[PDB]
Amino acid sequence: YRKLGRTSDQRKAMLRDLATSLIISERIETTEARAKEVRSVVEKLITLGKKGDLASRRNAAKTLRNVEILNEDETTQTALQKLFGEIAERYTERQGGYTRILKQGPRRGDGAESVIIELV
Amino acid sequence: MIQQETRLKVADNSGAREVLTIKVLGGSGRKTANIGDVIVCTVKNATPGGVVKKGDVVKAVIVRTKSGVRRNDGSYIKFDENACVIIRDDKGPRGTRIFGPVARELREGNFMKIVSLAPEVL
Amino acid sequence: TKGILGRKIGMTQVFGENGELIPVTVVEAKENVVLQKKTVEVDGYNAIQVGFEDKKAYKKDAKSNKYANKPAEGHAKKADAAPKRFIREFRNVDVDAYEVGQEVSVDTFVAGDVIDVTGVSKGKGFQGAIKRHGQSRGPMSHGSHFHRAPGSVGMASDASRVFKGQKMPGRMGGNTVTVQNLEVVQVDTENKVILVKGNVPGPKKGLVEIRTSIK
Amino acid sequence: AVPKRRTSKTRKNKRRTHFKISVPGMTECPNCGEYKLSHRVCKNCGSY
Amino acid sequence: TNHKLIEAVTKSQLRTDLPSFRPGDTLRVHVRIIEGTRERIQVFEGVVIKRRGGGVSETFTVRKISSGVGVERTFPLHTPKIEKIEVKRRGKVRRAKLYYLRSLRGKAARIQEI
RNA sequence: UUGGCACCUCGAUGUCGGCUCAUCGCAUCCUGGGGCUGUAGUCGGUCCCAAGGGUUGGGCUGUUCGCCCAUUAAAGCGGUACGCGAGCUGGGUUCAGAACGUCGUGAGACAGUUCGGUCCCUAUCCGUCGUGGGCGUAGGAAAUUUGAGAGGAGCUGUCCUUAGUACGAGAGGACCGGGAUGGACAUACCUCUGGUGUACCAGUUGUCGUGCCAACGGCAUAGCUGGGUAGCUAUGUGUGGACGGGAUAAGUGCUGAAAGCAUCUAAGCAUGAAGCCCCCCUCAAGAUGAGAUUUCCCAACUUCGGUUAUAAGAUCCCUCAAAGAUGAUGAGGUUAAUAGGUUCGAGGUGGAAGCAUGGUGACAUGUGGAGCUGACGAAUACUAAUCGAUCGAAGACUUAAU
Ligand SMILES: [Mg+2]
Ligand SMILES: [Mg+2]
Ligand SMILES: [Mg+2]
Ligand SMILES: [Mg+2]
Ligand SMILES: [Mg+2]
Ligand SMILES: [Mg+2]
Ligand SMILES: [Mg+2]
Ligand SMILES: [Mg+2]
Ligand SMILES: [Mg+2]
Ligand SMILES: [Mg+2]
Ligand SMILES: [Mg+2]
Ligand SMILES: [Mg+2]
Ligand SMILES: [Mg+2]
Ligand SMILES: [Mg+2]
Ligand SMILES: [Mg+2]
Ligand SMILES: [Mg+2]
Ligand SMILES: [Mg+2]
Ligand SMILES: [Mg+2]
Ligand SMILES: [Mg+2]
Ligand SMILES: [Mg+2]
Ligand SMILES: [Mg+2]
Ligand SMILES: [Mg+2]
């Protein structure tokens with residue numbers, strides 16, 4: 001695995017903050033090497049959603065943050081309920097994958113290769 | 001692994017109680033020793049009376065190191081302390097009443113006098 | 001005599017007779033064929049060449065090495081065979097055996113034979129002087145500013161240069177090395193493996209050349 | 001630690017013969033637009 | 001499943017007749033010694049400290065106090081020089097490696113049963 | 001070495017010992033081969049050939065040097081700015097403080113003691129260690145090779161037989177040969193013994209938080225503690241150097257004259273060292289002298305001035321690691337298992353959550369070798385390695401065989 005230029009405690013925190021906002025917004029834009037690493041983290045988290053029992057509900061809460069979504073029709077759900085509620089429905093037949101990575105050009109301030117990672 | 005200036009316990013009734021190594025003899029450049037090797041040492045602590053007295057320079061044979069020996073069948077043996085028996089340079093002991101267990105590997109060192117005097121050989 | 005090619009698999013142990021334990025390297029030596037017989041009349045020295053592991057046939061838009069190309073196809077057709085990945089030569093064998101196109105099977109060795117094994121080493125990258133050579137390092141306290149550097153590199157002004165062969169840092173790396181006087185302990189025909197006593201140079205799934213001992 | 005002589009104009013110019021830069025990949029956007037970079041996504045001025 | 005060719009080769013050299021045990025159990029190991037002329041058998045009794053490894057290269061370790069001196073002894077599991085192993089008493093521990101017994105003495109280095 | 005001379009260096013050639021790293025000589029410490037002996041044997045003395053390799057750990061001193069303790073086959077002498085401070089220390093000494101003795105009316109001094117006292121520099125060129133690009137090698141490519149030359153390696157003990165024989169009054173005690181096993185050193189590797197193992201498992205303290213219990217998270221060196229996969233590793237596991245051929249050194253000889261003898265030499269023929277050359281391992285055709293074998297491919301325009309499109313084959317670009325500073329190398333690019341995921345395993349940890357039961361309670365038992373699991377193995381196209389672009393030959397003359 002990669003180190004991403006951070007310390008062990010910072011890398012873990014940056015990687016689960018990044019995985020949460022991919023559940024909220026379903027496609028985000030970041031660098032190349034960071035998207036290669038959050039690829040495997042978020043798909044192990046949909047596997048927990050497809051099981052659906054209590055013990056894996058407890059295990060996914062190790063990783064996700066506490067974020068409220070202002071859902072449509074003025075409803076509100078947490079990020080954990082949205083994982084076991086909607087994403088677990090769409091991928092009940094597929095056996096892996098669930099994400100893709102699309103490359104773009106460099107940014108201006110760096111030569112950093114931008115990347116869109118989306119949820120499929 | 002027994003270097004120079006390691007303390008050992010003496011495991012007979014020859015009078016000595018603790019000793020420390022001067023040379024690991026053998027060849028030039030020799031560094032360590034194990035069960036069945038012969039070292040030269042000085043007594044640092046003695047029992048009143050007895051044959052050897054404190055400050056003598058003697059020769060001795062290693063029994064039961066802490067990091068033990070590998071055998072040909074892939075078996076191991078290990079002990080809790082280092083021990084030692086002062087010899088007369090015939091490969092015969094000074095005392096008469098070897099204490100504790102003694103490793104098998106000094107059978108082929110022609111130390112049969114030491115093996116016979118001892119308790120359990122494992 | 002008795003050359004064969006194979007690749008490393010791993011390392012295990014085997015209990016010999018009377019309970020003796022011996023460490024063992026397992027080498028898979030599969031589908032070796034004789035591919036060209038060389039002659040002192042045509043080439044100036046007698047040898048055979050052997051191809052080890054077959055690969056896929058010619059394709060129009062190959063972009064890698066697992067498909068043979070047209071020079072390799074015609075060379076591996078003149079002996080009626082499939083194209084191979086590794087090709088070496090053995091000039092210790094007797095050339096009056098080995099018709100071209102034979103399969104040198106794994107049981108040309110019998111348990112008890114002494115052999116020599118050749119491969120390339122692991123490879124370590126850019127390494128410094130106390131790792132690459134066996135150099136002593138400086139003191140770690142008492143005010144020293146000298147820990148892992150090399151020492152002096154020459155004299156003063158007689159020889160105002162550095163001699164060559166001076167043991168500076170650089171690439172530690174993997175180069176060819178042979179080990180001598182090993183043994184074959186057990187030959188398996190169905191799985192086509194050889195067990196050798198000891199350890200051989202190279203990483204896993206490497207490439208080793210086994211031939212008989214010259215001494 | 002310091003240079004003993006200046007460096008002439010020839011020796012400076014022989015040194016930077018490899019100090020160059022390369023042309024990029026340059027595929028095309030086949031649907032609609034100008035050239036994009038290879039294995040990238042023709043977002044702007046592009047439909048691929 | 002380490003590697004398919006490795007278990008295929010070393011399968012035949014692997015014993016079958018051994019009982020089951022986990023660390024903390026008390027074992028009697030009948031080991032046989034080739035003397036100068038004979039094949040005399042000797043028993044070594046102790047407490048299993050650890051088991052490690054897999055396959056043919058399995059290994060365990062038993063610990064005994066002989067003459068006030070602790071003695072460790074370490075065997076390959078599938079060796080042919082062990083004749084027989086008896087499980088003398090089951091133990092009740094909570095570690096997989098019992099290294100804390102090395103620095104105990106007296107009756108403090110005791111293990112419950114079952 | 002102590003000195004004599006005062007030729008370079010005063011617009012600076014900047015330091016004694018120790019550390020690290022070496023290289024050369026031989027007037028040879030050990031090992032090898034011989035002669036003489038006041039050499040019985042075992043041991044020794046002295047001289048000759050010989051520089052391949054090897055040539056120790058500590059106590060006291062700033063110390064060089066030297067003494068001593070224990071070992072060793074041996075503990076050699078010298079050169080290289082009394083080898084090496086733009087590679088290291090800074091104990092010593094030519095700095096400022098202070099004190100003793102002595103000298104001096106005194107300020108001060110000794111060269112006599114003692115305590116303390118700041119070691120700068122981002123490597124341009126040559127040079128060395130490693131790695132790449134360009135061109136060339138009378139067509140262009142892929143692969144396997146020869147080996148002119150070069151480098152490395154080169155050590156040694158103890159025990160058992162021969163034999164308690166030879167020798168000797170006895171005490172003592174062999175050569176020549178034949179076996180086994182070690183020390184130091186060098187290389188490869190992680191099955192074993194062990195180390196580490198910051199995205200593995202478990203226990204535990206304080207405080208804040210997820211509305212509360214219960215279960216979890218953050219911070220406290222990774223909070224601490226006990227274990228630990230892959231990989232990297234030694235103190236661990238394998239292997240290596242005491243062989244063989246040729247020419248020689250000191251030396252021993254055969255035949256043999258000059259000189260009717262004798263004479264190892266003048267002509268001729270042998271033998272003879274771990275040293276020389278081969279034998280062993282590694283690199284090696286930029287070996288411009290550019291080598292060899294096998295296989296693949298072959299165009300028109302044309303003012304052949306060059307243009308165009310190209311073959312075999314490569315590359316750009318992307319997924320990677322058995323490889324790696326970068327680059328190169330190697331595995332792969334949908335006619336696909338390269339990576340990720342999913343499923344199943346190995347190994348590691350050691351009995352999850354929830355529920356039930358017993359107990360005043362701390363807690364215990366069952367469901368259940370449970371659950372979790374990074375790097376390891378196999379299967380599976382679910383995701384991504386798309387479409388594309390670039391480079392790339394068209395076999396010169398002379399002569400002789402045919
Ligand atoms: Mg922290
Ligand atoms: Mg050191
Ligand atoms: Mg320029
Ligand atoms: Mg002078
Ligand atoms: Mg002058
Ligand atoms: Mg003058
Ligand atoms: Mg000047
Ligand atoms: Mg001489
Ligand atoms: Mg002291
Ligand atoms: Mg000097
Ligand atoms: Mg200097
Ligand atoms: Mg003063
Ligand atoms: Mg006065
Ligand atoms: Mg002070
Ligand atoms: Mg002081
Ligand atoms: Mg001073
Ligand atoms: Mg392993
Ligand atoms: Mg609260
Ligand atoms: Mg609570
Ligand atoms: Mg906080
Ligand atoms: Mg820990
Ligand atoms: Mg792999």
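Because only heavy atoms are used, hydrogens play no part in the values below, and waters and symmetry mates are left out as well, while side chains stay in. By convention in this document, chain letters (A, B, ...) are assigned in the order of the sequence lines, proteins followed by strands, and residues within each chain are numbered from 1.
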Out of the candidates B:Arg30, B:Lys23, B:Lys59, B:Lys31, only one should pair with B:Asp37 under the salt bridge (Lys or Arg N to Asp or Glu O under 4.0 Å) rule; please name it. B:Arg30
Intrastrand stacking F:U118, F:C119, 5.5 Å centres and 30° planes: no
Report the nucleotide, chosen from F:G217, F:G332, F:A188, that has the shortest atom-to-atom distance to any side-chain atom of C:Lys66. F:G332
Among F:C317, F:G130, F:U293, which nucleotide has an atom closest to any side-chain atom of C:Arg171? F:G130
Is F:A73 paired to anything, Watson-Crick or G-U wobble with both distances less than 3.5 Å, and if yes, which nucleotide? none
When we call it a touch if two heavy atoms are under 4.0 Å apart, what does C:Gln127 touch: a base, just sugar-phosphate, or nothing? nothing
By salt bridge (charged side-chain N to carboxylate O under 4.0 Å, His left out), which residues pair with C:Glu183, not counting sequence neighbours? none
Spacing between C:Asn69 atom CG and F:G313 atom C1', to the nearest angstrom: 8 Å
With respect to the side chain of C:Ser144, which nucleotide from F:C88, F:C320, F:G333 is positioned closest? F:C88
Please work out if E:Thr1 contacts a base, only the sugar-phosphate, or nothing of the nucleic acid, heavy-atom cut-off 4.0 Å. base
F:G127, F:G238, F:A323: which one has an atom nearest the side-chain heavy atoms of C:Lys197? F:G238
With the side chain defined as heavy atoms from C-beta on, A:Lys103 is closest, among F:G374, F:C219, F:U319, to F:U319
Hey, does C:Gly165 reach any base, or is it just sugar-phosphate, or nothing, if we go heavy atoms under 4.0 Å? sugar-phosphate
Heavy atoms of other groups near B:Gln3 CD, more than 12 under 6.0 Å: no
In sequence, state the C-alpha distance, the side-chain angles, and the governing distance for C:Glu53 and C:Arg7, and then conclude on salt bridge (charged side-chain N to carboxylate O under 4.0 Å, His left out). CA-CA 10 Å; C:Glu53 185 183 2; C:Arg7 68 169 68 244; 2.6 Å; yes
Which listed nucleotide (F:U319, F:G238, F:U20) is nearest to the side chain of C:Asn199? F:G238
Side-chain donor-acceptor distances from residues 199-208 of chain C under 3.5 Å, at least two apart:
none

Residues E:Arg95 and E:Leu98: closest non-hydrogen pair is CB-CD2, 3.9 Å
Can you tell me how far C1' in F:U124 sits from the matching atom in F:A86, rounded to whole Å? 14 Å
Pairing check on F:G217: which nucleotide meets the Watson-Crick or G-U wobble criteria with it, both distances under 3.5 Å? F:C208
Quick one: list whatever passes ring-ring contact (aromatic ring centres under 6.0 Å, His included) with E:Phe21, sequence neighbours left out. E:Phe60
For E:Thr59, report the nucleic acid contact type (base, sugar-phosphate, nothing); a contact means any heavy atom under 4.0 Å. sugar-phosphate
Would you indicate what C:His142 reaches in the nucleic acid, counting non-hydrogen atoms under 4.0 angstrom: base, sugar-phosphate, or nothing? sugar-phosphate
Regarding the side chain of C:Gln13, the nearest nucleotide among F:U191, F:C317, F:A322 is F:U191
Measuring from the side chain of C:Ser136 (C-beta onward, heavy atoms only), which nucleotide among F:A199, F:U20, F:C192 has the closest atom? F:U20
Rounded to whole Å, CG of B:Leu20 lies from P of F:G59 at a distance of 13 Å
Rounding to an integer number of Å, can you tell me how far C:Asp61 CG sits from F:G332 P? 17 Å
Any donor-acceptor pair under 3.5 Å joining the side chain of A:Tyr98 to the base of F:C382? no
Where do C:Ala129 and C:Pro169 come nearest, in terms of heavy atoms and distance? N-CB, 4.3 Å
Opposite nucleotide pairing with F:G377, Watson-Crick or G-U, both atom distances under 3.5 Å: F:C344
Mind checking if F:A81 and F:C82 stack, meaning centres of the six-membered rings less than 5.5 Å apart and planes less than 30° off? no
Under 4.0 Å between any heavy atoms, over every strand shown, what does C:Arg132 touch: base, sugar-phosphate, or nothing? Just pick one. sugar-phosphate
Of F:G240, F:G194, F:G333, the nucleotide closest to the side chain of C:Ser64 is F:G333
Which nucleotide, in any strand shown, forms a Watson-Crick or G-U wobble pair with F:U365, with both distances under 3.5 Å? F:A356
Across all strands, who's sitting opposite F:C391 as a Watson-Crick or G-U wobble pair, both distances under 3.5 Å? F:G313
Remember a base hit wins even if backbone is also touched, and classify D:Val2 as base, sugar-phosphate or nothing at under 4.0 Å, heavy atoms. base
Using a 4.0 Å heavy-atom cut-off across all strands, classify C:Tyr67 as base, sugar-phosphate, or nothing. sugar-phosphate
If we call a positive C1'-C2'-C3'-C4' torsion north and a negative one south, what is the sugar of F:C110? south
Touch class at under 4.0 angstrom, heavy-atom based, for C:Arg85 against every strand present: sugar-phosphate
In the 5'-to-3' direction, what one-character label does each nucleotide of nucleotides 69-83 of chain F receive under the scheme B = base within less than 4.0 Å of a protein heavy atom, S = sugar-phosphate only, - = no such atom? -S-S-BB----BB-B
Salt-bridge present (E:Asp25, E:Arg90; N to O < 4.0 Å): yes
Ring-centre distance below 5.5 Å and interplanar angle below 30°, F:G91 vs F:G92: yes
Would F:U55 and F:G18 qualify as a Watson-Crick or G-U pair, given that each of the two distances needs to be less than 3.5 Å? no
So what's F:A174 paired with, Watson-Crick or G-U wobble, going by both distances under 3.5 Å? none
In whole angstrom, give the distance that lies between atom NZ of C:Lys167 and atom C1' of F:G152. 10 Å
Quick one: which protein N/O atoms are closer than 3.5 Å to N/O atoms of nucleotides 204-208 of chain F? Pair and distance per line, please.
none

Within the structure shown, what part of the strands sits under 4.0 Å from C:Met11 by heavy-atom distance: base, sugar-phosphate, or nothing? base
Verify stacking: F:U367 then F:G368, 5.5 Å distance, 30° angle limits: yes
Can F:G197 and F:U198, neighbours in the strand, be said to stack by the measure of ring centres under 5.5 Å and ring planes under 30 degrees? no
Could you tell me how far apart C:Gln135 (CD) and F:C19 (P) are, to the nearest whole angstrom? 16 Å
To the nearest 0.5 Å, atom CG of E:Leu77 lies from atom CZ of E:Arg52 at 12.0 Å
Taking a pair to be Watson-Crick or G-U wobble with both distances under 3.5 Å, do F:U93 and F:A394 qualify? no
Determine the contact category for C:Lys164: base if any of its heavy atoms lies under 4.0 Å from a base atom, sugar-phosphate if only primed atoms, P, OP1 or OP2 are that close, otherwise nothing. sugar-phosphate
Expressed in angstrom and rounded to an integer, what is the separation of C:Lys70 atom NZ from F:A141 atom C1'? 13 Å
Report yes or no: do F:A109 and F:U102 constitute a Watson-Crick or wobble pair with both atom distances shorter than 3.5 Å? yes
How is C:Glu73 classified with respect to the nucleic acid when contacts are heavy atoms under 4.0 Å: base, sugar-phosphate, or nothing? nothing
Measure from the side-chain heavy atoms of C:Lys124 and tell me the nearest of F:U124, F:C317, F:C232. F:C232
Look for any protein N or O under 3.5 Å of an N or O in nucleotides 226-231 of chain F and output each such pair with its distance, or none.
residue : atom : partner : partner atom : Å
F:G228  : OP1  : E:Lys97 : NZ           : 3.1

Classify the nucleic acid contact of D:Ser22 as base, sugar-phosphate or nothing, counting any heavy atom under 4.0 Å across all strands shown. nothing
At 4.0 Å (heavy atoms only), tell me whether A:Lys36 reaches a base, stays on the sugar-phosphate, or touches nothing. sugar-phosphate
